[PDB]
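Single-structure report; data block below.
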Number of protein chains: 2
Amino acid sequence: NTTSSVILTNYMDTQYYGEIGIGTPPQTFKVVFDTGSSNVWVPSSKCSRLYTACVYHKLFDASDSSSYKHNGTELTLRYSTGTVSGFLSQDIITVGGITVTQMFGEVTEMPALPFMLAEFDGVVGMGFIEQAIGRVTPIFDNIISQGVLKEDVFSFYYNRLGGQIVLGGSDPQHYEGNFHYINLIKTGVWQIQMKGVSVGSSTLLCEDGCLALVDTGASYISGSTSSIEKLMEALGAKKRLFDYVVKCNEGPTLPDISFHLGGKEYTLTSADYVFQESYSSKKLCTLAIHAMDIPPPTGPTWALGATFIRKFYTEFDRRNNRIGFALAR
Amino acid sequence: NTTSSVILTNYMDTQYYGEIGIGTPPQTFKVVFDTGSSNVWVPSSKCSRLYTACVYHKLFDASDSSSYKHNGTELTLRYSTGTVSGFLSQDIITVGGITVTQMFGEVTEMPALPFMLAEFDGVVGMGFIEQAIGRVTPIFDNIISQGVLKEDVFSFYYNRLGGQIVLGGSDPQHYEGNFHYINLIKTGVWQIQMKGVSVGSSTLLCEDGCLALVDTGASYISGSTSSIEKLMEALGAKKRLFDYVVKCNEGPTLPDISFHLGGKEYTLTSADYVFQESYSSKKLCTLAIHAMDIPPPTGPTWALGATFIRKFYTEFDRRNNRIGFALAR
Ligand SMILES: CCCCNC(=O)[C@@H](C[C@H](O)[C@H](CC1CCCCC1)NC(=O)[C@H](Cc1cnc[nH]1)NC(=O)[C@H](Cc1ccccc1)CS(=O)(=O)C(C)(C)C)C(C)C
Ligand SMILES: CCCCNC(=O)[C@@H](C[C@H](O)[C@H](CC1CCCCC1)NC(=O)[C@H](Cc1cnc[nH]1)NC(=O)[C@H](Cc1ccccc1)CS(=O)(=O)C(C)(C)C)C(C)C
Ligand SMILES: *[C@@H]1O[C@H](CO)[C@@H](O)[C@H](O)[C@H]1NC(C)=O
Ligand SMILES: *[C@@H]1O[C@H](CO)[C@@H](O)[C@H](O)[C@H]1NC(C)=O
C-alpha cells in the first residue's frame, strides 16, 4: 500500500521541521510535527506587522488559492509555551506526497516570545481528536481515511537530513535491532506509563510509576517542577531562568540518567543531554531537560521530547494503540 | 554647564532604547541603558551567522573606524537573562552629543534566546565600576571625567518619544511635583532599602525591609522566587513558563500593589501592571512582574524595572549617592 517519507531539518537540536503545501497552487510552509497536539496552523496574511513574528515568517494568502473554503470560526491555541489565535479555515494540504482536504487554522496573533525564536512557520499536530481544539479532525486521521498507507503508523527519526518522518511505516536504515512496545495507557493521547527515572544506578524519581507523554514537538525532556528540582539537585545543575546549567568543564562528570519504560531502561548519558559547547570551565553548558507543569487532565506527566527521540527511533502505532522504540542510527 | 537628552523608543513597554555612535565615522547602534550593569557592548563583525541574532542586528566593523584601538582581551557577560561573549575593544562613542573614548566589548556570541527578541543591538551599562566586568571604566564615569555636565546626575523617563534619558539633569516637563530621595544603601550598585510590599492595604512581603535594585534595563518588576510566589498567590495569578497570567476579564479586579520606599508608598494599580490586551475572558493577560533570583552579593533583591519606572520618573544622582523619584507625566 503506501509509505511517504518527510525529510526534516535540524535546527540546533531544538527544532526539527519539514514542509507541507497548502492551497492550490501550493503555498509552502515549514512546520514541526507535534505528537503533543492535534491542530494544524500557519501564519495568516491577515496577521498584523504589529506582530513581528508575522513579519519574519511565511504567511498564508487565502485569496491566492482556488481550493480555499472559508469557515471563519475563531480559534485559540494555548501551548506549554506560546499561545496562538486566529480563525479556522479549509483548503487542501499535501504532506509527504498525500493530499487531503484539511481544516486548519490561519494565525493572526503570534507572540514574539516564543515565536521569534522559531525557524519554522507553523505546526501540524499528530495527536488524536481528543486533544483537538474545536473538535476539528486531525490531519492524520484524515490521511488514514483516505485509505492509502501500508499501515496506520508513523515514525520519527531525529538526527544529531536533520531528520526524517515516515508516514505508514519505519525506515530501518535508521534504527538498530527490534522495536520495544509500550501500550497506550489511555486512548486519545500519546502517553504511556513510566516505571522510574534513575540517576546512575539508583531510582530517584517516579518509583511507584508515572506518566510519560512522547512529544516530538517538545525540544527537551520535561518533568514537573518538583521532579526536575530533585533531579537537577542530583546532577549538580544550576537554575537559570531559561534552562538548567552546569559548568562546562563538568559536563562529562555528570551521571547517566535512565527511563524505565516498559520492560527496558532507556539511558541517556552526559553526551546525550548536555549541549557541550566547550570543555571550558567558567562557561555554563545547557542541559536539555527542564521543568514543565502540564495541567490535568493530561498532566502531570513527563515529556520525552527531542532529547529522547534523538537517541531512540520512535514509532507511533495507531492500528495497535501503542508506541515502539529502537536505537537510532 | 551641560545637559543632553537622549530620545528613547518604546517597544511594547518592554524595550526602551536609544542611539549611540561608535567609531569614526560613527556607526550607529540602538542600545538599552541599563542601571543594572556597567559594561558597553555591541555586536561584532566577527560574529558568525552561525548565530542568528547576529544576522538580524547591526554589527560593528572595526576596520571601518580610524579611531579603533585594538585590545582583544576576552570578555564574558552573564546577565539575569542571556550571556554574551566577545573581546574588548576601544574607540570613541558619542551619546547625547558627548564624545568619550571608551572601552567596549565587541560581542561574537549572542544566543537566540533572548537576543532574537531584541529590538536593540546592544547595551550601555550605567552602573558603577564595581559591577564592571573586567574592571573596565564605565561610560558615565568617563563622561563625568570630561567635566562637562551641569551635574552628576542622569534621569530616566519611560513612556506608556517612547522615552527620554537626560544626562546631567532632569526634565520637568516629565514629572509632577518634587522628587523624593532615597540613599544608596551600599555604594557601587543602584540599590536602596525597601520597607514593605503591600497588597491592597496589607503588608505581605518585605516587612522587616529588603533591598530594591532600581534597574532600567529590566522590563518588569522582579522579586525572588519565594516572594513572587506569595504575591501571585495573593493576586490570583497563574504561572506560565514565561510569565504570570490572569484571565483578562479579571484584570480590573486585581488589587493595587505598593512599594514602601523611604518615606512613601509607591502604588501601582491593575492598570499599571497588567498588559490588558482584552477585557475578554478565557484570554490570559500578562502581568508585568516575574520572579528572579539574583545571586549574592548583589542579590537577593527586588528589581524595580520599567513597570515601575513608567510611573515614577527616576533620578540617578551620583554627586549625592542617592535616587529620587517623582510622578511621571
Ligand atoms: C492546543 C493544545 C496543545 C496541547 N498540547 C501541548 O501544549 C503540549 C506541548 C506541545 O507538544 C508543544 C508543541 C510545540 C510545537 C512547536 C511550537 C510550540 C508548541 N511543545 C511545547 O509547548 C514545548 C514545551 C514542553 C516540554 N514538555 C512539555 N511541554 N515547547 C518547546 O519545546 C519550545 C518549543 C519551541 C522551540 C522553538 C521555537 C518555538 C517553540 C522550546 S522552549 O521550551 O521554549 C525552549 C526554547 C527550549 C526554552 C503539552 C500539552 C504536552
Ligand atoms: C555582566 C554583569 C551584569 C550584572 N547585572 C545584571 O545582570 C542585572 C540584570 C540587568 O539589569 C539586565 C539588563 C538587560 C539589558 C538588556 C539585555 C539583557 C540584560 N536585565 C535582565 O537580565 C532582565 C531580568 C531581571 C529582572 N530583574 C532582575 N533581573 N531581563 C529582562 O528584562 C529581559 C530583557 C530583555 C528584553 C528584550 C530582549 C532581550 C532581553 C526581558 S525578559 O525577562 O527576558 C522577558 C522577555 C520579559 C521574559 C541584575 C544583576 C540586576
Ligand atoms: C465551520 O466548520 C464548523 C465545523 O465545526 C461549522 O460548525 C461552522 O458552521 C462552519 N462555518 C461555516 C461558515 O460554515
Ligand atoms: C587591554 O586593556 C587592558 C586594560 O585592562 C590591558 O591590561 C591589556 O594589556 C590591553 N591589551 C592590549 C593588547 O593592550
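Labels below follow one simple rule: chain letters A, B, ... track the order of the sequence lines, proteins then strands, and each chain is numbered from 1. As a basis for the values below, the full set of heavy atoms in this structure was taken, side chains included, without hydrogen atoms, waters or symmetry mates. Both ligands and their constituent atoms are indexed starting at 1 by order of listing.
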the protein heavy atom lying closest to atom 35 (C) of ligand 2 turns out to be B:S219 OG, 4.5 Å
Report the residue from B:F156, B:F140, B:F154 that forms a ring-ring contact (aromatic ring centres under 6.0 Å, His included) with B:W190. B:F154
Please list the nearest protein heavy atom to atom 21 (C) of ligand 2 with its residue and the distance rounded to 0.1 Å. B:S80 CB, 3.7 Å
The protein heavy atom nearest to atom 26 (C) of ligand 1 is A:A218 CB, 3.5 Å
Residues that B:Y17 engages under ring-ring contact (aromatic ring centres under 6.0 Å, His included), provided they are two or more places apart: none
Using every non-hydrogen atom in the two residues, find where A:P114 and A:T81 come nearest and quote the distance to one decimal. CG-O, 3.7 Å
In the protein, which heavy atom is nearest to atom 3 (C) of ligand 1, and how far is it? A:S37 CB, 3.5 Å
Will you find, in the side chains of A:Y11 and B:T52, an N or O donor that is under 3.5 Å from an N or O acceptor? yes
Closest non-hydrogen atom pair, B:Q131 against B:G188: NE2-O, 3.3 Å
Which of the numbered atoms in ligand 1 are under 4.0 angstrom from any heavy atom belonging to A:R78? 1 (C)
Flag the pair A:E109 and B:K283 as a salt bridge only when some basic side-chain nitrogen lies within less than 4.0 angstrom of an acidic carboxylate oxygen. yes
Any nitrogen or oxygen of A:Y220, main chain or side chain, under 3.5 Å from a nitrogen or oxygen of ligand 1? no
Would you mind checking which non-hydrogen protein atom is closest to atom 33 (C) of ligand 2, with the distance to 0.1 Å? B:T81 OG1, 3.7 Å
Under 3.5 Å, N or O to N or O, is A:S222 touching ligand 1 that way? yes
If the cut-off is 4.0 Å to any non-hydrogen atom of B:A303, which atoms of ligand 2 fall inside it? 27 (N), 28 (C)
Between the side chains of B:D293 and B:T225, is a donor N or O closer than 3.5 angstrom to an acceptor N or O? yes
Pick whichever of B:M116, A:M12, A:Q15 has a heavy atom sitting closest to atom 37 (C) of ligand 1. A:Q15
How are the rings of A:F115 and A:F120 set relative to one another: parallel (under 30°), tilted (30 to 60°) or perpendicular (over 60°)? perpendicular
Distance below 4.0 Å between atom 9 (C) of ligand 2 and any protein heavy atom? yes
Tell me the nearest of B:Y16, B:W41, A:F242, B:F120 to atom 16 (C) of ligand 2, using heavy-atom distances. B:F120
Can you find a non-hydrogen atom of B:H290 under 4.0 Å from ligand 2? yes
For the student: nearest non-hydrogen atoms of A:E277 and A:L284, plus distance: OE2-O, 2.8 Å
Which is closest to atom 48 (C) of ligand 2 in terms of heavy atoms, B:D293, B:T286, A:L113, B:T301? A:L113
Write out the residue and atom name of the closest protein heavy atom to atom 4 (C) of ligand 2, then the distance separating them to 0.1 Å. B:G36 O, 3.5 Å
Taking all non-hydrogen atoms of both residues into account, name the closest pair between A:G72 and A:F87 and its distance. O-CB, 3.7 Å
For A:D13, give me all partners under salt bridge (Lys or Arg N to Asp or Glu O under 4.0 Å), at least two apart in sequence or on another chain. A:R310
Name the closest protein heavy atom to atom 19 (C) of ligand 2, giving the residue it belongs to and the distance to 0.1 Å. B:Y79 CD2, 3.6 Å
Can you report which non-hydrogen protein atom sits closest to atom 50 (C) of ligand 2, along with the distance? B:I294 CG2, 4.0 Å
Mind listing the closest non-hydrogen atom pair of A:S219 and A:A306 along with its distance? O-CB, 3.7 Å
Using a 4.0 Å cut-off to any heavy atom of B:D34, which atoms of ligand 2 qualify? 10 (C), 11 (O), 13 (C)
In this structure, atom 14 (C) of ligand 2 is nearest to the protein heavy atom B:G217 O, 3.1 Å
List the closest protein heavy-atom neighbour of atom 11 (O) of ligand 2: residue, atom name, distance to the nearest 0.1 Å. B:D215 OD2, 2.4 Å
